[PDB]
Trainee: 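Take a look at this one; I'll ask things after.
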Amino acid sequence: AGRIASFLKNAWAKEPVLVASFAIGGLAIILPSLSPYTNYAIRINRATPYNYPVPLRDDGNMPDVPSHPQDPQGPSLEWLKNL
Amino acid sequence: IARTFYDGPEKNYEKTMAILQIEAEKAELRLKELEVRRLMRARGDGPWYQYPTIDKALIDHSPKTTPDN
Ligand SMILES: CCCCCCCCCCCCCCCCC[C@@H](O)O[C@H](CO[C@H](O)CCCCCCCCCCCCCCC)COP(=O)(O)OCC[N+](C)(C)C
Ligand SMILES: CCCCCCCC/C=C/CCCCCCCC(=O)OC[C@H](COP(=O)(O)OCCN)OC(=O)CCCCCCC/C=C/CCCCCCCC
């Protein structure tokens with residue numbers, strides 16, 4: 001714990017470029033696993049409608065599927081407007 | 001000499017019968033296996049000579065952004 005401090009000081013005094021590069025790379029590696037907004041990025045990617053949504057045939061037993069785009073059923077994007 | 005070193009003729013006789021039966025059955029089985037191999041390789045309708053085809057489980061049965069696939 002004491003020799004590595006001297007090593008870090010010497011690296012900062014002799015090769016600052018490599019010190020900055022390693023610090024930036026380590027932050028870029030480890031930070032995304034600790035962020036709560038990564039799942040927000042996943043949801044935003046999933047909410048982009050590239051293709052046409054093909055309707056399902058009504059068999060009379062799907063109360064979770066809306067009968068109209070403005071019906072209360074189906075997914076909501078209200079979380080996206082507050083972001 | 002006969003009593004001390006040898007057996008009667010019936011032992012050799014019947015052992016020969018058993019040996020002949022085994023060998024004849026083996027020859028018939030060899031010929032049958034050759035014929036079965038020929039038929040199976042010609043028709044491909046048996047367990048042998050089954051060559052792989054594409055797995056149908058790899059197909060995606062989803063709407064494809066176009067109604068006509
Ligand atoms: C008495 C004088 C007048 C007559 C003389 C006759 C001469 C005969 C003696 C010479 C020996 C003949 C050759 C031996 C060949 C026989 C080998 C074999 O086939 O026999 C076996 C029998 O084994 C015997 O032990 C054979 C022993 C003979 C070996 C010869 C050794 C002689 C070496 C000399 C040493 C002398 C001293 C040395 C000083 C250093 C069969 O085993 P088994 O699975 O049951 O068969 C089933 C049949 N049954 C049911 C009838 C029993
Ligand atoms: C608050 C603390 C900050 C903590 C930051 C993280 C750790 C920082 C220290 C880690 C290592 C720092 C640099 C290495 C130690 C000092 C440099 C050294 O070893 O000697 C210098 C010497 C170069 O000098 P010369 O060319 O030989 O000079 C010849 C003329 N005289 O270095 C070398 O020999 C090898 C250098 C290898 C460079 C690495 C290649 C690039 C990698 C960086 C890109 C991004 C990395 C991100 C991924 C890693 C994530 C952890």
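Throughout, a chain's letter reflects where its sequence line sits, starting with A, and its residues are numbered from 1. The analysis underlying the following values was restricted to heavy atoms, covering all of them including side chains, and did not include hydrogens, waters or symmetry mates. Atoms within each ligand, like the ligands themselves, are counted from 1 in listed order.
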Trainee: To check your reading of the model: name the closest protein heavy atom to atom 13 (C) of ligand 2, its residue, and the distance in Å.
Mentor: A:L18 CB, 3.6 Å
Trainee: Give me the residue, atom name and distance of the protein heavy atom closest to atom 5 (C) of ligand 2.
Mentor: A:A23 CB, 4.0 Å
Trainee: Is the cationic atom of A:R43 (NZ for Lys, CZ for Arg) positioned less than 6.0 Å from the six-membered ring centroid of A:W79 and within 45 degrees of its normal?
Mentor: yes
Trainee: Considering only non-hydrogen protein atoms, determine which one is nearest to atom 48 (C) of ligand 1 and report residue, atom name and distance to 0.1 Å.
Mentor: B:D7 OD1, 3.5 Å
Trainee: Considering only heavy atoms, does A:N10 approach ligand 2 within less than 4.0 Å through its side chain, its backbone, both, or neither?
Mentor: neither
Trainee: Does a side-chain N-to-carboxylate-O contact under 4.0 Å join B:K32 and B:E35?
Mentor: no
Trainee: Could you find the nearest protein heavy atom to atom 15 (C) of ligand 2 and give me its residue, atom name and distance?
Mentor: A:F7 CZ, 3.8 Å
Trainee: Is it possible for you to say whether A:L31 and A:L34 belong to one hydrophobic cluster, with membership spreading through side-chain heavy-atom contacts below 4.5 Å?
Mentor: yes
Trainee: Can you check atom 16 (C) of ligand 1: any protein non-hydrogen atom closer than 4.0 Å?
Mentor: yes
Trainee: Using a distance threshold of 4.0 Å (strictly less than), state whether atom 45 (O) of ligand 1 has a protein heavy-atom neighbour.
Mentor: no
Trainee: Run the numbers for me: atoms of ligand 1, each under 4.0 Å from some heavy atom of B:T4, listed by number.
Mentor: 49 (N), 51 (C), 52 (C)
Trainee: For atom 2 (C) of ligand 2, is there a protein heavy atom at a distance under 4.0 Å?
Mentor: yes
Trainee: Against heavy atoms of B:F5, which atoms of ligand 1 measure under 4.0 Å?
Mentor: 16 (C), 20 (O), 22 (C), 26 (C), 48 (C), 51 (C)
Trainee: Heavy-atom distance from atom 40 (C) of ligand 1 to the protein below 4.0 Å?
Mentor: no
Trainee: For atom 31 (C) of ligand 1, is the nearest protein heavy atom closer than 4.0 Å?
Mentor: no
Trainee: Report, in ascending order of atom number, the atoms of ligand 2 lying under 4.0 Å from any heavy atom of A:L8.
Mentor: 2 (C), 3 (C), 4 (C), 8 (C)
Trainee: What is the nearest protein non-hydrogen atom to atom 47 (C) of ligand 2, stated with its residue, atom name and distance?
Mentor: A:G25 CA, 3.6 Å
